[PDB]
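As stored in structure-v6.cif (mmCIF, C-alpha atoms and all ligand atoms):
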```cif
data_run
#
loop_
_atom_site.label_atom_id
_atom_site.label_comp_id
_atom_site.auth_asym_id
_atom_site.auth_seq_id
_atom_site.Cartn_x
_atom_site.Cartn_y
_atom_site.Cartn_z
CA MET A 1 -9.18 -3.80 -24.94
CA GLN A 2 -9.39 -3.79 -21.14
CA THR A 3 -11.87 -5.92 -19.19
CA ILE A 4 -12.84 -6.06 -15.51
CA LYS A 5 -13.54 -9.24 -13.55
CA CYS A 6 -16.57 -8.29 -11.51
CA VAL A 7 -17.97 -11.38 -9.82
CA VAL A 8 -21.01 -11.31 -7.54
CA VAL A 9 -20.34 -13.09 -4.26
CA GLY A 10 -22.76 -13.79 -1.44
CA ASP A 11 -24.88 -16.45 0.25
CA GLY A 12 -28.52 -15.52 0.78
CA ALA A 13 -31.44 -13.58 -0.67
CA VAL A 14 -30.26 -10.02 -1.27
CA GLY A 15 -31.87 -9.54 -4.69
CA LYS A 16 -28.40 -9.92 -6.18
CA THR A 17 -29.72 -11.44 -9.42
CA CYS A 18 -32.31 -8.81 -10.36
CA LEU A 19 -29.94 -5.96 -9.52
CA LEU A 20 -27.39 -7.42 -11.91
CA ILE A 21 -29.89 -7.50 -14.77
CA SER A 22 -31.58 -4.11 -14.47
CA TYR A 23 -28.04 -2.72 -14.26
CA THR A 24 -27.07 -3.93 -17.74
CA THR A 25 -30.55 -4.12 -19.24
CA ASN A 26 -31.87 -0.98 -17.53
CA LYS A 27 -35.08 -2.99 -17.17
CA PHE A 28 -36.77 -5.19 -14.56
CA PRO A 29 -37.11 -8.91 -15.50
CA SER A 30 -40.23 -11.03 -15.04
CA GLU A 31 -39.36 -14.74 -15.17
CA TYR A 32 -38.04 -16.45 -12.05
CA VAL A 33 -35.12 -18.87 -12.44
CA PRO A 34 -31.76 -17.04 -12.80
CA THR A 35 -29.71 -18.54 -9.97
CA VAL A 36 -27.09 -20.75 -11.62
CA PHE A 37 -24.56 -18.90 -13.76
CA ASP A 38 -24.75 -15.91 -16.08
CA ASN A 39 -21.78 -14.05 -17.52
CA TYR A 40 -22.54 -10.55 -18.77
CA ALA A 41 -20.14 -8.16 -20.50
CA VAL A 42 -20.85 -4.42 -20.48
CA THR A 43 -19.25 -1.62 -22.48
CA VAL A 44 -18.73 1.44 -20.30
CA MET A 45 -16.83 4.65 -21.03
CA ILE A 46 -13.89 4.38 -18.63
CA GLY A 47 -10.90 6.70 -18.77
CA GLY A 48 -12.33 8.24 -21.92
CA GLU A 49 -12.57 4.91 -23.73
CA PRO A 50 -15.19 2.14 -24.23
CA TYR A 51 -14.01 -0.36 -21.62
CA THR A 52 -15.45 -3.81 -20.99
CA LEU A 53 -16.99 -4.95 -17.71
CA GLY A 54 -16.82 -8.68 -17.06
CA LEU A 55 -19.92 -9.46 -15.01
CA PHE A 56 -20.00 -12.92 -13.44
CA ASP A 57 -23.08 -14.12 -11.54
CA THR A 58 -22.68 -16.85 -8.93
CA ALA A 59 -25.26 -19.23 -7.45
CA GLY A 60 -25.02 -18.04 -3.86
CA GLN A 61 -25.47 -21.57 -2.52
CA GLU A 62 -23.61 -24.63 -1.25
CA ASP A 63 -25.00 -27.25 -3.63
CA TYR A 64 -23.17 -25.50 -6.47
CA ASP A 65 -19.82 -25.44 -4.66
CA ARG A 66 -18.45 -27.65 -7.45
CA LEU A 67 -18.77 -25.21 -10.35
CA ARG A 68 -18.71 -22.24 -7.96
CA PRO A 69 -14.99 -21.27 -7.70
CA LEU A 70 -14.86 -21.54 -11.50
CA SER A 71 -15.50 -17.79 -11.47
CA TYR A 72 -12.81 -17.04 -8.87
CA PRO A 73 -9.52 -17.60 -10.80
CA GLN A 74 -10.11 -14.79 -13.29
CA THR A 75 -11.30 -12.22 -10.76
CA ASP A 76 -10.15 -8.73 -9.76
CA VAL A 77 -12.83 -7.29 -7.51
CA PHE A 78 -15.72 -8.84 -5.58
CA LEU A 79 -19.35 -7.79 -5.23
CA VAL A 80 -20.52 -8.63 -1.71
CA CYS A 81 -24.25 -7.93 -1.90
CA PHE A 82 -25.69 -8.10 1.62
CA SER A 83 -29.32 -7.55 2.61
CA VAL A 84 -29.66 -4.25 4.47
CA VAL A 85 -32.95 -5.42 5.98
CA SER A 86 -31.35 -8.58 7.40
CA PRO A 87 -28.83 -8.40 10.29
CA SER A 88 -27.98 -12.03 9.56
CA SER A 89 -26.17 -11.13 6.34
CA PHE A 90 -24.48 -8.19 8.06
CA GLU A 91 -23.03 -10.45 10.77
CA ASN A 92 -21.60 -12.92 8.27
CA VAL A 93 -20.83 -10.09 5.83
CA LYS A 94 -17.91 -9.19 8.11
CA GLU A 95 -17.32 -12.78 9.23
CA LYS A 96 -18.33 -15.08 6.37
CA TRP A 97 -18.80 -13.23 3.07
CA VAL A 98 -15.43 -11.49 2.75
CA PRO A 99 -13.37 -14.09 4.71
CA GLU A 100 -14.44 -16.74 2.22
CA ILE A 101 -12.58 -14.62 -0.32
CA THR A 102 -9.68 -13.47 1.84
CA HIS A 103 -8.64 -17.12 2.10
CA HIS A 104 -8.15 -17.00 -1.67
CA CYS A 105 -7.32 -13.36 -2.38
CA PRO A 106 -6.87 -11.05 0.65
CA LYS A 107 -5.36 -8.33 -1.55
CA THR A 108 -7.93 -8.01 -4.34
CA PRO A 109 -10.47 -5.14 -4.02
CA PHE A 110 -13.75 -5.80 -2.21
CA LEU A 111 -16.90 -3.96 -3.27
CA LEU A 112 -19.60 -3.66 -0.60
CA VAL A 113 -22.95 -3.80 -2.37
CA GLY A 114 -26.11 -3.00 -0.44
CA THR A 115 -29.26 -4.51 -1.92
CA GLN A 116 -32.91 -4.87 -0.88
CA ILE A 117 -33.85 -1.19 -0.84
CA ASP A 118 -37.48 -1.65 -1.89
CA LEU A 119 -38.00 -3.46 1.41
CA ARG A 120 -35.62 -1.18 3.31
CA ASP A 121 -38.09 1.59 2.46
CA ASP A 122 -41.06 -0.48 3.64
CA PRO A 123 -41.57 0.52 7.31
CA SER A 124 -44.40 -2.02 7.29
CA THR A 125 -41.85 -4.83 7.39
CA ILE A 126 -38.96 -2.89 8.87
CA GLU A 127 -41.07 -2.06 11.92
CA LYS A 128 -42.62 -5.53 11.82
CA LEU A 129 -39.35 -7.33 12.56
CA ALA A 130 -37.50 -4.33 13.97
CA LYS A 131 -38.89 -5.44 17.34
CA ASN A 132 -39.24 -9.20 16.75
CA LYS A 133 -35.65 -10.25 16.06
CA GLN A 134 -34.52 -8.56 12.86
CA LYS A 135 -33.53 -4.97 12.04
CA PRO A 136 -32.27 -2.88 9.08
CA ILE A 137 -28.64 -1.79 8.70
CA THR A 138 -27.62 1.87 8.70
CA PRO A 139 -25.20 3.30 6.07
CA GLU A 140 -22.79 4.13 8.89
CA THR A 141 -22.91 0.52 10.07
CA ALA A 142 -22.30 -0.79 6.55
CA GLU A 143 -19.51 1.71 5.95
CA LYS A 144 -17.57 0.52 9.00
CA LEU A 145 -17.64 -3.00 7.57
CA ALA A 146 -16.58 -1.55 4.24
CA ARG A 147 -13.49 -0.47 6.15
CA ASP A 148 -13.36 -3.48 8.47
CA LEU A 149 -13.04 -5.75 5.44
CA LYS A 150 -10.74 -3.39 3.54
CA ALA A 151 -13.72 -2.91 1.22
CA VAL A 152 -13.01 -0.47 -1.60
CA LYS A 153 -16.26 1.32 -0.78
CA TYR A 154 -19.86 0.92 0.40
CA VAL A 155 -22.68 1.54 -2.08
CA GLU A 156 -26.32 0.39 -2.22
CA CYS A 157 -28.37 -0.35 -5.34
CA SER A 158 -31.72 -1.51 -6.70
CA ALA A 159 -33.18 -2.85 -9.94
CA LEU A 160 -36.90 -2.13 -10.16
CA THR A 161 -36.28 1.60 -9.78
CA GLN A 162 -32.51 1.53 -10.33
CA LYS A 163 -31.92 3.57 -7.17
CA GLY A 164 -28.16 4.07 -7.38
CA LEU A 165 -28.09 0.80 -9.30
CA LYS A 166 -25.30 1.33 -11.82
CA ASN A 167 -23.70 3.86 -9.47
CA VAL A 168 -22.61 0.81 -7.47
CA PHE A 169 -20.95 -0.97 -10.39
CA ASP A 170 -19.17 2.31 -11.08
CA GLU A 171 -17.52 1.83 -7.69
CA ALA A 172 -16.79 -1.85 -8.33
CA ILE A 173 -14.85 -1.47 -11.58
CA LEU A 174 -13.19 1.68 -10.23
CA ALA A 175 -11.95 -0.67 -7.50
CA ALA A 176 -11.15 -3.74 -9.61
CA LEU A 177 -8.90 -1.49 -11.68
CA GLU A 178 -5.90 0.52 -10.48
CA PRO A 179 -3.53 3.43 -11.32
CA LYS B 1 -1.84 6.39 -15.43
CA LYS B 2 -4.67 3.86 -15.15
CA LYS B 3 -6.53 5.55 -12.29
CA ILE B 4 -10.24 5.22 -12.61
CA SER B 5 -12.35 7.86 -10.99
CA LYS B 6 -15.98 7.85 -9.88
CA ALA B 7 -16.58 10.24 -12.79
CA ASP B 8 -14.69 8.08 -15.30
CA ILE B 9 -16.79 4.92 -15.64
CA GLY B 10 -19.66 6.40 -17.62
CA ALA B 11 -23.09 4.87 -18.04
CA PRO B 12 -23.09 1.19 -19.17
CA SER B 13 -23.97 0.34 -22.77
CA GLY B 14 -22.99 -2.99 -24.28
CA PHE B 15 -24.87 -5.87 -22.67
CA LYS B 16 -22.95 -8.92 -23.86
CA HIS B 17 -24.54 -12.25 -23.00
CA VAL B 18 -21.24 -14.09 -22.72
CA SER B 19 -23.00 -17.15 -21.29
CA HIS B 20 -26.56 -18.19 -20.44
CA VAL B 21 -27.37 -20.97 -17.97
CA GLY B 22 -31.05 -21.78 -17.54
CA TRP B 23 -31.70 -24.40 -14.87
CA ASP B 24 -34.92 -26.42 -14.85
CA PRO B 25 -36.27 -28.97 -12.32
CA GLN B 26 -37.83 -30.86 -15.25
CA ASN B 27 -35.06 -30.61 -17.85
CA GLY B 28 -31.97 -29.98 -15.75
CA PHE B 29 -29.87 -27.06 -16.98
CA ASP B 30 -30.68 -25.50 -20.36
CA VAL B 31 -27.26 -24.02 -21.16
CA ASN B 32 -26.94 -23.23 -24.86
CA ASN B 33 -24.06 -20.75 -24.81
CA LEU B 34 -21.79 -21.43 -21.83
CA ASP B 35 -18.24 -20.05 -21.84
CA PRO B 36 -15.43 -21.87 -23.74
CA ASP B 37 -13.13 -22.27 -20.74
CA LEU B 38 -16.12 -22.69 -18.43
CA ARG B 39 -17.47 -25.33 -20.81
CA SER B 40 -14.70 -27.62 -19.57
CA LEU B 41 -15.04 -26.54 -15.95
CA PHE B 42 -18.84 -26.79 -15.92
CA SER B 43 -19.09 -30.30 -17.36
CA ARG B 44 -16.24 -31.14 -15.00
CA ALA B 45 -17.76 -29.41 -11.97
CA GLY B 46 -21.48 -29.78 -11.27
CA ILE B 47 -22.46 -30.56 -14.84
CA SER B 48 -20.43 -33.76 -14.82
CA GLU B 49 -23.50 -35.94 -14.45
CA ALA B 50 -23.28 -36.50 -18.21
CA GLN B 51 -21.55 -35.03 -21.26
CA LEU B 52 -23.29 -32.32 -23.29
CA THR B 53 -25.67 -33.91 -25.80
CA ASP B 54 -28.44 -31.32 -25.92
CA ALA B 55 -29.70 -31.90 -29.46
CA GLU B 56 -27.46 -33.67 -31.98
CA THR B 57 -25.18 -31.58 -34.20
CA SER B 58 -26.78 -30.52 -37.48
CA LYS B 59 -24.94 -32.10 -40.40
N1 LIG A 201 -39.31 -4.61 -6.23
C1 LIG A 201 -38.12 -5.21 -6.41
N2 LIG A 201 -38.05 -6.53 -6.41
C2 LIG A 201 -36.79 -7.00 -6.59
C3 LIG A 201 -35.66 -6.26 -6.81
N3 LIG A 201 -34.56 -7.12 -6.97
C4 LIG A 201 -35.05 -8.31 -6.86
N4 LIG A 201 -36.41 -8.33 -6.63
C5 LIG A 201 -37.32 -9.49 -6.52
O1 LIG A 201 -36.98 -10.32 -5.40
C6 LIG A 201 -37.08 -11.70 -5.76
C7 LIG A 201 -35.76 -12.38 -5.59
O2 LIG A 201 -34.76 -11.80 -6.41
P1 LIG A 201 -33.37 -12.59 -6.67
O3 LIG A 201 -32.42 -11.63 -7.27
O4 LIG A 201 -33.62 -13.88 -7.35
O5 LIG A 201 -32.90 -12.88 -5.12
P2 LIG A 201 -31.55 -13.61 -4.61
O6 LIG A 201 -31.00 -12.72 -3.56
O7 LIG A 201 -30.73 -13.67 -5.83
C8 LIG A 201 -31.99 -15.09 -3.99
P3 LIG A 201 -31.02 -16.47 -4.15
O8 LIG A 201 -29.79 -16.44 -3.33
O9 LIG A 201 -31.86 -17.71 -3.74
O10 LIG A 201 -30.65 -16.81 -5.54
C9 LIG A 201 -37.65 -11.76 -7.18
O11 LIG A 201 -39.11 -11.88 -7.07
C10 LIG A 201 -37.27 -10.41 -7.74
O12 LIG A 201 -38.25 -9.90 -8.69
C11 LIG A 201 -35.75 -4.87 -6.81
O13 LIG A 201 -34.85 -4.05 -6.99
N5 LIG A 201 -37.03 -4.40 -6.60
MG MG A 202 -29.86 -15.39 -7.02
#
```

Let me see whether you can do it: turn the structure in this file into structure tokens.
Ligand SMILES: Nc1nc2c(ncn2[C@@H]2O[C@H](COP(=O)(O)OP(=O)(O)CP(=O)(O)O)[C@@H](O)[C@H]2O)c(=O)[nH]1
Ligand SMILES: [Mg+2]
Amino acid sequence: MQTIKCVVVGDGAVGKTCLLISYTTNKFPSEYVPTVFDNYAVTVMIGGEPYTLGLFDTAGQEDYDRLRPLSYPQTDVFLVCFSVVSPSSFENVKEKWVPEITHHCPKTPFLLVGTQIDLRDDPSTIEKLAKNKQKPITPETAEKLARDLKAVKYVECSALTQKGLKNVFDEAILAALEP
Amino acid sequence: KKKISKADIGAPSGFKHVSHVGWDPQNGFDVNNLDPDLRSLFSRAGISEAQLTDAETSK
């Protein structure tokens, strides 16, 4: 019985909670109050066998720094979900999101999750801030970081529509694990 | 070998609610199934404002 230690890391609003749910529940939630701690275990067919995927949801804040690392010890890979429609995250993503982990485990795999597609496909907002101060991130720009931070791979995902949703977790586990 | 491939990890199917933490600005955390090991780390971490007494144990 093998199990992966997929923990979602990140500080900000990159729809990291809803993407986690729809992934395992294949459905979009409704209630609003999921940012604290939620451990989910999935059963995927890996290597021709029903493997287990240890999903650990963080708080993505500073006030919960006390019970935050609690999900770090038993970890293999890391899910760095950064908002594509927010340069801010991108900047820290390379100098804040991964580093925070490197200080603890600079060898463990690093999944580069790209969330906030629904908005990324909303020129109304993209163009709105595109010339005010903000701007969306291109796959080529995210990739580079995926390599700049020794990230196992760069993959975006959604929840409402599930656009490449699970496809991302498929890259995570694949990374958390090894030959 | 233990090499996973993009085509290996099939489609998920086994949602296991290992732990559920429901915060509330009026009740303050509504955890009713936290993890065993985390149970000690949670009450010791940010949930150390008071031991777990949510409803007395049913005799
Ligand atoms: N349309 C759509 N809405 C989404 C999707 N994912 C999340 N949302 C919505 O965005 C809002 C915030 O989602 P949430 O996952 O809590 O954001 P967060 O990045 O975790 C924010 P925080 O760091 O404060 O906890 C919610 O209203 C949720 O319904 C998605 O794939 N599509
Ligand atoms: Mg959240």

As an exercise, work out the distance from atom CA of residue 17 of chain A to atom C10 of ligand LIG 201 (chain A) in Å and give it to one decimal place.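 Computing the Euclidean distance for atom CA of residue 17 of chain A and atom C10 of ligand LIG 201 (chain A) yields 7.8 Å.
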
Can you pull out every residue with an atom within 10 Å of ligand LIG 201 (chain A)? Use all atoms listed in the file and format it as an MDAnalysis selection string. chainID A and resid 10:22 28:36 57:61 81:83 115:119 157:163 165

For chain B, which residues have at least one atom within 9 Å of chain A, if we go by only C-alpha atoms? Write them as a JSON list (two decimals) with C-alpha atoms, in the frame of the given file, please.
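Final file, selection01.json:
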```json
[["chain", "number", "residue", "atom", "x", "y", "z"],
["B", 1, "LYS", "CA", -1.84, 6.39, -15.43],
["B", 2, "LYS", "CA", -4.67, 3.86, -15.15],
["B", 3, "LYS", "CA", -6.53, 5.55, -12.29],
["B", 4, "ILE", "CA", -10.24, 5.22, -12.61],
["B", 5, "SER", "CA", -12.35, 7.86, -10.99],
["B", 6, "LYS", "CA", -15.98, 7.85, -9.88],
["B", 7, "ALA", "CA", -16.58, 10.24, -12.79],
["B", 8, "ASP", "CA", -14.69, 8.08, -15.30],
["B", 9, "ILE", "CA", -16.79, 4.92, -15.64],
["B", 10, "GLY", "CA", -19.66, 6.40, -17.62],
["B", 11, "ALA", "CA", -23.09, 4.87, -18.04],
["B", 12, "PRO", "CA", -23.09, 1.19, -19.17],
["B", 13, "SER", "CA", -23.97, 0.34, -22.77],
["B", 14, "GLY", "CA", -22.99, -2.99, -24.28],
["B", 15, "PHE", "CA", -24.87, -5.87, -22.67],
["B", 16, "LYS", "CA", -22.95, -8.92, -23.86],
["B", 17, "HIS", "CA", -24.54, -12.25, -23.00],
["B", 18, "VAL", "CA", -21.24, -14.09, -22.72],
["B", 19, "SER", "CA", -23.00, -17.15, -21.29],
["B", 20, "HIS", "CA", -26.56, -18.19, -20.44],
["B", 21, "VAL", "CA", -27.37, -20.97, -17.97],
["B", 22, "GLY", "CA", -31.05, -21.78, -17.54],
["B", 23, "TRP", "CA", -31.70, -24.40, -14.87],
["B", 24, "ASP", "CA", -34.92, -26.42, -14.85],
["B", 29, "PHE", "CA", -29.87, -27.06, -16.98],
["B", 34, "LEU", "CA", -21.79, -21.43, -21.83],
["B", 35, "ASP", "CA", -18.24, -20.05, -21.84],
["B", 38, "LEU", "CA", -16.12, -22.69, -18.43],
["B", 41, "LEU", "CA", -15.04, -26.54, -15.95],
["B", 42, "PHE", "CA", -18.84, -26.79, -15.92],
["B", 43, "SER", "CA", -19.09, -30.30, -17.36],
["B", 44, "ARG", "CA", -16.24, -31.14, -15.00],
["B", 45, "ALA", "CA", -17.76, -29.41, -11.97],
["B", 46, "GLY", "CA", -21.48, -29.78, -11.27],
["B", 47, "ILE", "CA", -22.46, -30.56, -14.84]]
```

Interatomic distance (Å, one decimal) between atom CA of residue 53 of chain B and atom CA of residue 28 of chain B: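 Answer for the atom CA of residue 53 of chain B to atom CA of residue 28 of chain B separation: 12.5 Å.
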
Would you list the residues near (-18.9, -7.6, 6.8), meaning any protein, DNA or RNA residue with an atom at most 8 Å from that point in file coordinates, counting all atoms listed in the file, as number ranges by chain? A: 90-98, 142, 145-146, 148-149

Hey, could you pull the box centre and edge lengths for segment 1-19 of chain B, axis-aligned, 5 Å padding per side, all listed atoms, to one decimal in Å, as lines of an AutoDock Vina configuration file?
```
center_x = -13.4
center_y = -3.5
center_z = -17.1
size_x = 33.0
size_y = 37.4
size_z = 24.4
```

Extract, using all atoms listed in the file, all DNA, RNA and protein residues at most 7 Å from residue 112 of chain A, discarding same-chain residues fewer than 6 positions from it, and format them as a PyMOL selection string. chain A and resi 79-81+146+151+153-155

Best match for closeness to residue 147 of chain A among A:89, A:5, A:109, A:74, counting only C-alpha atoms: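 For residue 147 of chain A, the nearest of the given residues is A:109.
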
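Atom CA of residue 40 of chain B lies 14.3 Å from atom CA of residue 73 of chain A.
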
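Counting all atoms listed in the file, the residue from A:101, A:113, A:1, A:8 that sits nearest to ligand MG 202 (chain A) is A:8.
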
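Considering all atoms listed in the file, the residue among A:124, A:76, A:2, A:9 positioned nearest to ligand MG 202 (chain A) is A:9.
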